[PDB]
């Protein structure tokens, strides 16, 4: 039926978007996951545990992504002054500049793919799928 097709179409869109984002972000030396880590840290320091859970990837994938961003000078591992075992991944000035270039790439792509939809149609879809997200996140965890 339709409810099933909505979710199946959402999956197909994600797969295609993921492929194209990896391609376009590659020019910024980033993978789609690397970009997500930057996006996550852009508004405040994040724990590696949060990153893995939020973006549904292994802890090893996060370690690899953070290690990479760290070598690229885009993020830094900050430790508690009293307990250095407490680690937070913080974005750098350069990381924010790269993140912004990435968000613009994402923005350009989003406008292209939703091109057949008017502003109103975009709004109608957004408010509704936001309800779907609320429910699946309640169910999944």
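C-alpha atoms forming the largest set that superposes within 1.5 Å between two forms make up the rigid core. Positions refer to the first chain, counted from 1.
- Query: Relative to the presented form, and with the rigid core used for superposition, do the C-alpha atoms of 129-137 or of 16-24 deviate more in 5 other deposited structures of this protein?
  - Reply: Per-stretch check in 5 other deposited structures of this protein: the more divergent one is 129-137.
- After a core fit, does 60-68 or 110-118 show the bigger CA gap to the shown form in 5 other deposited structures of this protein? Between the two stretches, 110-118 moves farther in 5 other deposited structures of this protein.
- Averaging the C-alpha B factors as listed in the entry, name the stretch that ends up higher: 106-114 or 29-37. The stretch with the larger mean CA B-factor is 106-114.
- Query: With respect to the recorded C-alpha B factors, which stretch has the higher mean value, 50-58 or 82-90?
  - Reply: 82-90 has the higher mean C-alpha B-factor.
- Hey, what third does residue 17 fall into on Cα B-factor, ranked over its chain? It belongs to the lowest third of the chain when residues are ordered by C-alpha B-factor.
- Task: Report the third (lowest, middle or highest) to which the CA temperature factor of residue 122 belongs, ranking only the modelled residues of the same chain.
- Result: Its C-alpha B-factor belongs to the highest third of this chain's values.
- Chain-wide C-alpha B factor ranking for residue 101, given as lowest, middle or highest third: CA B-factor rank for residue 101: middle third.
- Message: What third of the chain does residue 132 rank in for C-alpha temperature factor, lowest, middle or highest?
- Response: It belongs to the middle third of the chain when residues are ordered by C-alpha B-factor.
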